[PDB]
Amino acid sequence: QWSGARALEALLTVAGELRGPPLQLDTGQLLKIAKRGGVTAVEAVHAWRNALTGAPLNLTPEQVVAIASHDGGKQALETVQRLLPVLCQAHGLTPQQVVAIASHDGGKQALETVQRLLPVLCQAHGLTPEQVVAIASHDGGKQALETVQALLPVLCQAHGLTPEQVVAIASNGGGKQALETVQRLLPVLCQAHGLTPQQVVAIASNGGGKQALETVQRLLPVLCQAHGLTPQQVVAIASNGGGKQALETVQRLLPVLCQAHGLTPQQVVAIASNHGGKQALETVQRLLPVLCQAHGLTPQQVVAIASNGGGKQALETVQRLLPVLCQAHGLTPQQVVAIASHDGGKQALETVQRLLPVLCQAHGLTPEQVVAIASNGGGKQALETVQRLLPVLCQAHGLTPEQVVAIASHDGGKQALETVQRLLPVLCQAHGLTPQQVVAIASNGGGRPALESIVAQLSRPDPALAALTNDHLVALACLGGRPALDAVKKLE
């Protein structure tokens, strides 16, 4: 008999009881835990199904699932019950910060290291606890913290980094490796290749930090001479997420793409400078002629789709869905491209296919309005939030469909929609803001934190924003969102 038979059965046993109180998990939560945390993690969640759910700790099931669904999730769950009170009272962290720290593989290691090192890091190394929390909140968090403690002085003094840079480098998976590689390679990359420490920090400030710095060091010569590329264009490929894989794939496919399809180097750099760049490039070489065949898409439209993170998923979903979206849903190829040319194009595309008839028939939007909402990063999220929240923003808060679509139609629209639904009453009813002023504030990228900052002022007034009327705060909030507000906060 296949070994896994027993454990698998154990899994289904324990996981049927978890559909019971007090977590009520929905199959797609039990799977998640099962896949990443394993059976020990499903069986830890059961064994601690009460201790975690209410007084003392009081975690949402969402928050229990987040802690459990990683390797060592059992250890994390045990450690969180032990240290969360210790960390909120002895160190002053929110429990949401403790959950953040715990929700990665080896979470236990992270938690115990924050417990052990946060004093020495804040006192003797000058870090804020929020910096310590960010460093901690990735896989290998424990490693990154011990490495920060050890290398912060040598990185700042011998190498000229600001502690902020050291923290930005540290705050990724493999933070330890990136830090160590930045130490070793910073002088080599600066003194031999004329890179600013700033550019070295940007290369290092990703996952595959170590990998990207070493691949830049090895390949900058081969790329800038025998491949007509600038130091700037190599830095950009290496620091935008593509890292090692993207740089090596730029070597391979730069001539193939150009020579066979007439793409400039700038178009190749842009396709490269993203997460999964290598994937986008390879998919572009593979799929371009299929798309552009028989007066299909123009090349430039392929370059566009491809030049966002997830470009490969976007290219393949267009290939698959262009026909049905145009035939069955009355969309132009131009529209399909626009939806696709954003991070998560694939998600937006699939969500338009699913939700366009619903949003038109049941909610009275136009296809154009649907395309507009879908045509931003996180399109899937904005579109699903529009469906959830349209009848509520309209009926309960008096907003027009037009106004909702407008809040919806930026990056973060989901966040902006959910914040408007929650903050409109206190803003209007308690502080005299008009619905239109509220809709205006939220109708930008960063609508959410801009609404929250406006509320932070009219709820617990900083004396530094006092000479500003509501109408002035509103104008500032529209113009530069939270950062503009915090900008004036620094004036008193």
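One rule holds for the numbers: they count along the sequence shown, beginning at 1.
If you average the C-alpha B-factors over 136-144 and over 229-237, the higher value belongs to 229-237.
For the two regions 329-337 and 127-135, the entry's Cα B-factors average higher over 329-337. For the set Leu322, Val284, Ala406, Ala246, the PDB entry puts the maximum C-alpha B factor at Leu322. When the C-alpha B-factors of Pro61, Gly445, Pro425, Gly38 are read from the PDB record, the largest value belongs to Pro61. Ranked by Cα temperature factor within the chain, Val14 sits in the highest third according to the deposited record. Annotation for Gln395: C-alpha temperature factor in the highest third relative to the rest of the modelled chain, per the entry. For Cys292, the recorded CA temperature factor ranks within the highest third of the chain's modelled residues. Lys346: CA B factor in the lowest third of modelled residues in this chain (values from the PDB entry). The PDB entry assigns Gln437 a C-alpha temperature factor belonging to the middle third of its chain's modelled residues.
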